[PDB]
Structures are given as C-alpha cells and as structure tokens.
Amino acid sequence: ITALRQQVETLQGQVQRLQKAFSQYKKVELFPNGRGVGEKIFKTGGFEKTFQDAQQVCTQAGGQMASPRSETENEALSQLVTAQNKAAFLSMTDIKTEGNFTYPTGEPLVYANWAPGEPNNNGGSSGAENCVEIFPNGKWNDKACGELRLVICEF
C-alpha cells in the first residue's frame, strides 16, 4: 500500500540521520577519556581507587574493569593511561591461585603483556601483589590490590 511505503521511506531517513548523529556523538563522547575497540568501550573516570573500590565503581556504572584480550585492546588502555599519566588497575587477579592470573570469570589469560621480571608478587610494605597495573608503555606489573591506581571501566 502507498501509505506504508511512504512511512517506510520516512523511517529510512530518520534512521539514517540517527546513525549519522550517533557516530558523531560516539566520537564526541570518547574524547578524550574513552577508547572503542570492537564492541567494547574503555573509559576512565580520571580518579584513583583500590582494586576492590574500582571493581565496585565499574559494576555500579553498569560495566566492569578492563580485560585486555588482545594487543589492540591493551594499546587502547595504554593511551588512556598515557593521557592521565596514571597507571591503571586491570580486571585480572591471581588471588585464587598464586602466579595464575585469571579474568573475573575464572578464565585464564588469552593475552598478556608482563614487563620484564613480572609478575614477582613483591609489593614491599603492601605485601603480596595479587592485582595488575598497566603502564603508559602498555606493559603490566603485578601490584598490591590495596594500592590506589587509575580506574578504567569496560562497557
């Protein structure tokens, strides 16, 4: 019928405009504290928290902590850390089994970028190191979970 065809065409135009406007506002949103990789979005709050508090903040916000599963994802995190000039906590811990770092689902690492000599589980006055921080250069260091580091969430 002629009426619905005109309706479909109008909808087609509205959808196209929504898509154009959404791509623009996606880039506006991510500037400068976010990075998109595939269907994942990394964003920093610009503040520092302990691992447990960061875990609460990310969950509360409807997301989770960053789990870099590829060089592309890790490099995206590196950019955020570099911009804030503050090392960030990742999602992974070896809390269940020492030396065995896993995602918050128990799954073993599919990607790793340990700095030379890490993980060493030597946090000095803070004690054992069961969490992971990412440096501006993208490299990882195991770090005490009670330490304060940049919060990056994953949505």
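Residues carry their position along the shown sequence, with the first being 1.
*Asks:* Per the entry's Cα B factor values, which of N33, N130, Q64, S125 stands out as the maximum?
*Replies:* When the deposited C-alpha B-factors of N33, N130, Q64, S125 are compared, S125 is largest.
*Asks:* Once the chain's modelled residues are ordered by C-alpha B factor and cut into thirds, is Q84 in the lowest, middle or highest one?
*Replies:* It falls in the bottom third of the chain.
*Asks:* Based on the entry's values, in what third of the chain does the Cα temperature factor of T10 lie: lowest, middle or highest?
*Replies:* It falls in the top third of the chain.
*Asks:* Lowest, middle or highest third: where is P108 by Cα B-factor in its chain?
*Replies:* Middle third of the chain for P108's C-alpha B-factor.
*Asks:* Lowest, middle or highest third of the chain for the C-alpha temperature factor of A115?
*Replies:* Within its chain, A115 is a highest-third residue by C-alpha B-factor, going by the deposited values.
*Asks:* Determine, from the deposited record, the chain-internal third of the Cα B-factor for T59: lowest, middle or highest.
*Replies:* For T59, the deposited C-alpha B-factor lands in the highest third.
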